[PDB]
Amino acid sequence: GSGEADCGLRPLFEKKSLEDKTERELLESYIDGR
Amino acid sequence: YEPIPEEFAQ
Amino acid sequence: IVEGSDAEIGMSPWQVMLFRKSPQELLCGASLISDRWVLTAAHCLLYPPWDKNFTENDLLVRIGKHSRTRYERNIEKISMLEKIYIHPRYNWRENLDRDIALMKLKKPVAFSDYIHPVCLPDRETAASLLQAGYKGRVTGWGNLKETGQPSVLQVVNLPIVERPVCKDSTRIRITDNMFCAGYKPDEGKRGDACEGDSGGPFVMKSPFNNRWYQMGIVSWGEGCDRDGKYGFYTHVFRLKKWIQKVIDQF
Ligand SMILES: N=C(N)c1ccc(CNC(=O)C2(NC(=O)[C@@H](CC3CCCCC3)NCC(=O)O)CCCC2)cn1
């Protein structure tokens, strides 16, 4: 949508369902922790 | 910095 | 980047390096938001206090990089600028309010495994993620200490800070088009952006659709990674309308 289809989806990660070393620290903070 | 090729200097 | 670590290959396919033609040196970070536009901080191109006023034919854009000083043949792509656009109300005189600029590339760039665009936020995404405590990621080839450089692209994850705390940490008048981030002195961890990271992207991964969105741009700070001090970023969503404007006009 607001940002062409495909934007934000990295070829070497999201596109192959692979996580990078620290992206989880980010998602875990989206509720209460930090 | 390593020099970049000339064809890119416009 | 201070107290960060080496980014892994293809970790930030939208990271852009603003490169000076003469002398050949690093200028700023920036980001790819489409195949023809890169976003950056206005102070990277214009800042009268230091006589800095760059034009299109003064710089080069290097996309798909990892190494800071090597010409990564076959991987990185070098593009020329067709036109630069500074926000008409960019305030370099007082507090760097509206520190933002758009750059139109001479030719559309071809995407790859190392070159891909980041997403721009919408009202909903910004409202969900732009909250105190929520961490974001900054990347750049900037300095590692306030007062050597990195060999490879650096990256840190920092938490967004409450507006009040941001205001009480500086004498600089803070506006709505800004937001600060960093760990507090008692939080144990640390890290921050620094000289040379300017223009770089502050991104967050949406837990709703799995995409990465650029919420901020590395704008300014007082020193680098000092206790009680935080890095400030240009609030991308607040300036989103100026962005769309510039894009459909040119
Ligand atoms: N998160 C950080 N710690 C951080 C530090 C440095 C930078 C890069 N940008 C700069 O250095 C610029 N200057 C600065 O940050 C200034 C503070 C500015 C506040 C707004 C009005 C002008 C002065 N601090 C220098 C320092 O005390 O060092 C130069 C032109 C304007 C920005 C980006 N982020």
Side-chain angles (χ1 to χ4, degrees), chain A, chain C residues 4-14 32-37 111-126 128-129 131-137 155-161 183-184 187-189 203-214 237 240 243-244:
Chain A
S2 190
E4 70 162 297
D6 216 18
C7 69
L9 260 26
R10 302 170 298 176
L12 297 183
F13 292 93
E14 284 79 15
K15 242 53 182 296
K16 304 196 295 181
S17 221
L18 254 33
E19 292 188 338
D20 67 49
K21 295 187 209 61
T22 57
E23 71 178 76
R24 213 181 310 95
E25 162 185 30
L26 258 47
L27 285 295
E28 306 182 317
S29 70
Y30 298 152
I31 326 187
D32 40 54
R34 191 172 301 181
Chain C
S5 55
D6 293 359
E8 44 201 312
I9 308 294
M11 181 186 219
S12 292
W14 42 74
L32 189 68
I33 56 180
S34 75
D35 70 315
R36 251 265 181 168
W37 299 87
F111 298 154
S112 72
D113 287 347
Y114 321 96
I115 300 176
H116 200 78
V118 76
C119 300
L120 255 38
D122 58 357
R123 159 149 289 185
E124 305 62 73
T125 297
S128 302
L129 289 1
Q131 303 191 70
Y134 285 29
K135 290 176 180 174
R137 175 179 290 174
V155 46
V156 239
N157 292 155
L158 302 165
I160 284 180
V161 188
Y183 290 109
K184 310 192 197 304
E187 280 181 347
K189 297 117 144 297
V203 297
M204 294 176 99
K205 183 168 180 169
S206 172
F208 301 105
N209 62 3
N210 269 284
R211 296 174 183 253
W212 288 88
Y213 289 90
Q214 165 162 20
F237 177 65
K240 176 73 168 301
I243 293 172
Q244 286 165 180

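Lettering of chains follows the sequences in order, A, B, ..., and the numbering in each one begins at 1.
- With a threshold of 4.5 angstrom between heavy atoms, C/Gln244 approaches chain A through side-chain atoms but not through N, CA, C or O.
- For chain C, the nearby parts of A/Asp6 are the backbone and the side chain; heavy atoms of each come within less than 4.5 Å.
- Of the atoms belonging to C/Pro207, heavy atoms from both backbone and side chain fall under 4.5 Å from chain A.
- Only the side chain of C/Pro13 comes within less than 4.5 Å of a heavy atom in chain A; its backbone stays farther off.
- If you measure heavy-atom distances from A/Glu14 to chain C, the contacts under 4.5 Å come from the side chain alone.
- Within a 6.0 Å sphere centred on NZ of A/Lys15, other residues, nucleotides and ligands contribute more than 12 heavy atoms.
- For a residue to count as touching a neighbouring chain, one of its non-hydrogen atoms must lie under 4.5 Å from one of that chain's; by this rule C/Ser128 does not touch chain A.
- Only the side chain of A/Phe13 comes within less than 4.5 Å of a heavy atom in chain C; its backbone stays farther off.
- C/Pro159 and C/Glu187 make their closest contact through CG-OE1, 4.3 Å (heavy atoms, listed as atom of the first residue, atom of the second, distance).
- Residues satisfying the side chain to side chain contact (heavy atoms under 4.5 Å, CB included) test with A/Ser29, not counting sequence neighbours, are C/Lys135.
- Looking at A/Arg10, its side chain does come within 3.5 Å of a backbone N or O of C/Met11 through a donor-acceptor pair.
- Between A/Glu19 and C/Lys205 no salt bridge is recorded (no basic side-chain N to carboxylate O distance below 4.0 Å).
- Legend: residues meeting side chain to side chain contact (heavy atoms under 4.5 Å, CB included) with C/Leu120, ordered by chain and number and at least two apart, are C/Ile33, C/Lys240, C/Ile243.
- Looking at A/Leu9, the atoms closer than 4.5 Å to chain C (heavy atoms on both sides) sit in the backbone and in the side chain alike.
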